[PDB]
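J.: Quick one: the structure is below, questions incoming.
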There are 4 protein chains.
Amino acid sequence: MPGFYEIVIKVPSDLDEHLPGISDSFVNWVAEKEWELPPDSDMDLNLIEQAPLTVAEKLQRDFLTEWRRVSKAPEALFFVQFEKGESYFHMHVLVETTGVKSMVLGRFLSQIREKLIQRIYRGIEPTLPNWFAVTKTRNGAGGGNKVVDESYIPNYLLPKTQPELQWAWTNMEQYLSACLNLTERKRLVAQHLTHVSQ
Amino acid sequence: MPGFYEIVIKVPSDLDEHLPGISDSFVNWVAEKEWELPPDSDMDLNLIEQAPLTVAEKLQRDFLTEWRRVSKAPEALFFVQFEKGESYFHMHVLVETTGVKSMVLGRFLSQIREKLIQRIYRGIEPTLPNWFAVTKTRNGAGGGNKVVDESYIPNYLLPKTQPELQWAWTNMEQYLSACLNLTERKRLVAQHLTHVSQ
Amino acid sequence: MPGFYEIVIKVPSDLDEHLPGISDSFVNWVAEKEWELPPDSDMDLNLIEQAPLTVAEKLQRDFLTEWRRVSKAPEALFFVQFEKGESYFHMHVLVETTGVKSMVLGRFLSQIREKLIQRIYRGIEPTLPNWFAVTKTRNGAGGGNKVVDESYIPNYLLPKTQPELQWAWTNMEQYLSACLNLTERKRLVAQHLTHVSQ
Amino acid sequence: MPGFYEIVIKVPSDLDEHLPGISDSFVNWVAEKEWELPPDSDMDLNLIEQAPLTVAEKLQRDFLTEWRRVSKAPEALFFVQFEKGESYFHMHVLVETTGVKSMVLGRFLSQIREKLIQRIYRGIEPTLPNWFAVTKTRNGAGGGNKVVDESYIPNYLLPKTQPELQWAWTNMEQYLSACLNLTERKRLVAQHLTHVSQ
DNA sequence: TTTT
DNA sequence: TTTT
DNA sequence: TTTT
């Protein structure tokens with residue numbers, strides 16, 4: 001089975017310490033974009049933010065479009081998950097490694113970061129510590145890219161629920177009902193635990 | 001029997017920390033060079049890289065051509081082996097000492113390094129720590145060149161298998177089947193161990 | 001009728017004053033390329049150079065490919081002419097204005113120059129005075145792009161013959177025989193003079 | 001007919017102003033080399049020097065060997081002439097343009113100068129004003145290489161006699177007797193004058 | 001100490 | 001070593 | 001990627 005990558009995206013949450021010299025048009029366009037909830041979900045109307053989700057969905061859509069334009073393959077699997085943190089809001093992704101190798105991944109990631117800066121931030125570099133970086137295999141000096149197998153999502157992304165879990169955009173067929181429903185996620189976690197117990 | 005030399009070559013694996021200011025033509029020509037596997041081998045389709053092997057074969061071919069042009073002898077024995085490492089990818093070579101002495105070897109190695117920089121990197125000096133250096137006999141100050149006898153390959157290059165072993169280019173007659181097959185390598189290792197046990 | 005643009009390209013002719021620090025691979029590839037003459041031409045074997053023509057044809061082919069890739073239109077009219085000068089060798093072009101406006105032409109020309117520098121010279125900027133520039137309408141401060149109509153080629157490019165004329169690559173149907181033959185060029189000049197005399 | 005090049009070489013004539021810090025081995029080897037005169041000549045035993053001629057013949061032999069090694073053609077025409085000057089001794093050459101173009105001539109001349117410096121002076125650059133340079137066509141900025149046709153030798157090198165003429169090394173068949181004999185040179189000059197008078 |  |  |  002083809003491997004997957006893990007790219008963490010940090011979403012800011014301040015205007016007087018994270019985005020210096022911000023404009024009124026950006027916040028006016030962000031705040032004027034409300035969202036609703038599907039009837040086949042199980043979330044809360046007060047535990048889900050608006051502007052952070054609105055910018056996270058735009059960032060993930062821009063990343064997906066950039067990946068589809070670079071790899072020239074619209075049928076690319078992805079699994080984005082916005083998980084609430086204590087210091088800064090983080091978002092994980094599971095992009096397949098079909099096409100892109102590993103040595104050229106650095107230049108592609110740099111170009112994606114530059115495009116996201118010139119698009120969302122309109123050419124403004126935030127002062128967040130390593131807000132756009134990738135993980136490695138934790139070696140010494142010059143470690144390779146960390147790969148993601150199948151036994152990684154049900155042990156680090158599925159058990160994460162409220163209030164940590166915010167929104168999960170899937171693409172697989174066996175995860176259409178386990179995106180916003182906690183019962184399907186718990187069933188999948190139990191199935192994985194019973195499978196790995198053999 | 002004539003001795004052999006051991007020259008280690010370090011292959012980079014990053015574009016935003018190893019090759020500053022890398023043009024797009026180089027990576028476009030490197031990524032657009034796929035390779036296949038021979039039917040008389042025993043490797044894996046996922047444990048073998050593409051771009052690292054593609055640049056390593058080009059580097060070893062350039063080194064062989066430069067050695068044949070300098071020594072003016074096309075019948076030169078060689079044994080290149082690309083071994084995977086923890087920090088950086090390394091490649092060992094076993095070039096015979098027919099023609100070149102030892103004092104002039106430094107200038108020849110410097111010229112070969114300059115030619116490889118002006119050819120592969122097109123006049124770009126990488127920031128890798130001692131990426132192009134030779135080994136010595138480990139003495140005090142001003143040690144001689146380390147020679148390689150016959151009892152060196154089956155104890156440091158043959159036991160190295162997957163996932164450390166990537167590709168082994170041979171030239172001898174008794175090593176044609178022990179290049180990509182693990183059974184022949186194990187048989188040769190056992191034969192050497194039984195021979196040195198007397 | 002759609003207008004045309006006039007972009008002058010300067011070709012160097014020195015290695016110890018124009019291209020500081022040039023590798024031997026470039027000159028080795030340039031010197032190993034010989035061209036012949038078609039039987040339906042009328043030129044000289046001594047008045048036509050080799051390396052300047054060989055680099056000019058490559059530059060014009062790269063420019064045509066870049067224009068076809070940017071404008072996304074392979075059916076683009078062009079008329080390149082390499083004219084010998086007293087100070088530096090110059091080459092004129094007649095690219096149609098189908099697709100590209102005038103305000104975005106500056107960024108496109110800058111990108112084309114950067115690509116030609118990173119491809120031919122491979123990250124080497126020559127010290128020639130304004131070797132890559134475009135002409136204007138000669139006004140005050142902020143003149144627009146100089147357009148080229150139909151009454152411009154037979155009065156500035158057709159009368160230019162030997163030894164000034166080196167090679168003329170056309171694309172029109174009425175100029176297929178007036179590329180290397182002086183009789184057709186003289187006939188076209190006489191026809192234009194008789195037409196403008198009314 | 002193929003053209004010819006004109007490269008002027010300046011020969012020093014001082015040790016305490018031209019070659020600072022010169023070893024005694026050079027002058028010891030120069031002074032220990034005496035030359036004679038052929039019986040089929042017409043020169044003088046007092047008007048012909050020894051050390052300038054001895055270094056000029058070695059310089060021209062080294063230049064001829066370097067040209068034959070670079071162009072890979074031993075059958076190369078040449079016509080060297082050591083002419084006495086008022087300021088510094090100069091030597092002219094007439095090397096054919098078979099093989100070498102004009103753009104790569106600069107790098108070849110620089111390499112020849114570097115080899116002559118590292119071989120004759122053993123890596124010592126003299127302080128003579130432009131002692132190793134080539135002539136141009138006298139234009140503005142970026143003039144090409146000055147070519148030498150047939151009507152150039154009998155009007156600038158043949159009339160130059162004693163005490164200006166020192167030694168003329170030829171290679172042609174019609175100039176074997178006009179190398180050291182003034183009668184043949186005068187006859188050739190008269191023939192050229194009668195030919196150009198038509 | 002130079003066409004070994 | 002540049003229309004693989 | 002600007003009269004959603």
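Ordering of the structure tokens sets the chain letters (A, B, ...), residue numbers begin anew at 1 in every chain, and ligands are numbered from 1 in the order given.
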Please report as a PyMOL selection string which residues of chain D come no farther than 8 Å from chain C, using only C-alpha atoms.
T.: chain D and resi 101-104+106-107+139-144
J.: Can you pull out the residues contacting residue D:153? Cut-off 9 Å, using only C-alpha atoms (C1' of nucleotides), and skip same-chain residues under 5 positions away; I want them as a PyMOL selection string.
T.: chain D and resi 94+148+158
J.: Where does DSSP see strand (DSSP E or B) in stretch 27-174 of chain D, if you list the residues as a ChimeraX atom specification?
T.: /D:80-83,89-92,95-96,132-134,136,145,147-148,165-169
J.: Could the residues in this selection be saved with C-alpha atoms as an mmCIF file, in the first residue's frame?
T.:
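Writing done, so here's result11.cif:
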```cif
data_model
loop_
_atom_site.group_PDB
_atom_site.id
_atom_site.type_symbol
_atom_site.label_atom_id
_atom_site.label_comp_id
_atom_site.auth_asym_id
_atom_site.auth_seq_id
_atom_site.Cartn_x
_atom_site.Cartn_y
_atom_site.Cartn_z
ATOM 1 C CA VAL D 80 56.871 33.678 -36.826
ATOM 2 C CA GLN D 81 59.019 36.813 -37.070
ATOM 3 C CA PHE D 82 61.066 38.443 -34.294
ATOM 4 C CA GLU D 83 61.221 42.176 -35.047
ATOM 5 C CA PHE D 89 61.258 43.376 -28.484
ATOM 6 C CA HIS D 90 58.159 42.132 -30.308
ATOM 7 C CA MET D 91 57.402 38.924 -32.193
ATOM 8 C CA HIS D 92 54.572 38.449 -34.688
ATOM 9 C CA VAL D 95 48.615 31.097 -37.302
ATOM 10 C CA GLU D 96 45.868 29.741 -39.541
ATOM 11 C CA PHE D 132 50.411 39.085 -23.887
ATOM 12 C CA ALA D 133 47.480 40.494 -25.864
ATOM 13 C CA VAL D 134 45.817 40.205 -29.267
ATOM 14 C CA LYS D 136 41.264 43.734 -32.884
ATOM 15 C CA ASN D 145 39.282 39.321 -33.836
ATOM 16 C CA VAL D 147 41.924 38.544 -39.476
ATOM 17 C CA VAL D 148 45.039 38.431 -41.666
ATOM 18 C CA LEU D 165 64.579 41.814 -38.459
ATOM 19 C CA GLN D 166 66.120 39.191 -36.166
ATOM 20 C CA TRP D 167 64.784 35.760 -37.173
ATOM 21 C CA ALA D 168 61.903 34.549 -39.350
ATOM 22 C CA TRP D 169 60.622 30.979 -39.039
#
```
J.: Could you pull out the helix (DSSP H, G or I) residues of stretch 58-192 of chain A, going by DSSP on the backbone, and write them as a PyMOL selection string?
T.: chain A and resi 58-71+105-119+153-156+182-192
J.: I'd like to know which of D:108, D:121, D:79, D:4 is closest to chain E, using only C-alpha atoms (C1' of nucleotides).
T.: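 Closest to chain E, using only C-alpha atoms (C1' of nucleotides): D:121.
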J.: Write out as a short mmCIF file (atom, residue, chain, number, x, y, z; two decimals) with C-alpha atoms, in the first residue's frame the residues lying within 9 Å of stretch 64-67 of chain B, counting only C-alpha atoms (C1' of nucleotides) and excluding same-chain residues fewer than 5 positions away.
T.:
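Output (around_34.cif):
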```cif
data_model
loop_
_atom_site.label_atom_id
_atom_site.label_comp_id
_atom_site.auth_asym_id
_atom_site.auth_seq_id
_atom_site.Cartn_x
_atom_site.Cartn_y
_atom_site.Cartn_z
CA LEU B 59 28.01 10.11 -10.51
CA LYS B 72 44.35 5.99 -20.07
CA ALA B 73 43.21 2.42 -19.35
CA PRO B 74 39.65 1.32 -20.18
CA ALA B 76 39.86 -0.84 -14.95
CA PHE B 78 35.54 -1.26 -10.10
CA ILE B 112 37.64 14.75 -10.08
CA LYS B 115 34.73 18.15 -12.50
#
```
J.: Please report the interatomic distance between atom CA of residue A:20 and atom CA of residue A:54 in Å with one decimal.
T.: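 Spanning atom CA of residue A:20 to atom CA of residue A:54 is a straight-line distance of 20.3 Å.
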J.: What does the structure give for the distance between atom CA of residue B:10 and atom CA of residue B:131, in Å to one decimal?
T.: 5.1 Å
J.: With only C-alpha atoms (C1' of nucleotides) considered, list every residue of chain B at most 12 Å from chain F, as a short mmCIF file (atom, residue, chain, number, x, y, z; two decimals) with C-alpha atoms, in the first residue's frame.
T.:
```
data_model
loop_
_atom_site.label_atom_id
_atom_site.label_comp_id
_atom_site.auth_asym_id
_atom_site.auth_seq_id
_atom_site.Cartn_x
_atom_site.Cartn_y
_atom_site.Cartn_z
CA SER B 25 16.01 22.06 -14.96
CA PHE B 26 18.19 19.76 -12.84
CA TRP B 29 15.79 16.06 -15.70
CA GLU B 32 12.03 12.32 -15.53
CA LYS B 33 14.40 9.30 -15.56
CA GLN B 118 31.05 21.71 -12.50
CA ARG B 119 29.16 18.85 -14.21
CA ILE B 120 26.45 17.58 -11.84
CA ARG B 122 27.11 23.05 -12.56
#
```
J.: Quick one: everything within 12 Å of residue D:38, counting only C-alpha atoms (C1' of nucleotides), minus sequence neighbours fewer than 2 positions away in the same chain. Send it as a PyMOL selection string.
T.: chain D and resi 35-36+40-45+177+179-181
J.: Could you state the separation of atom CA of residue C:113 and atom CA of residue C:69 in Å, given to one decimal place?
T.: 14.8 Å
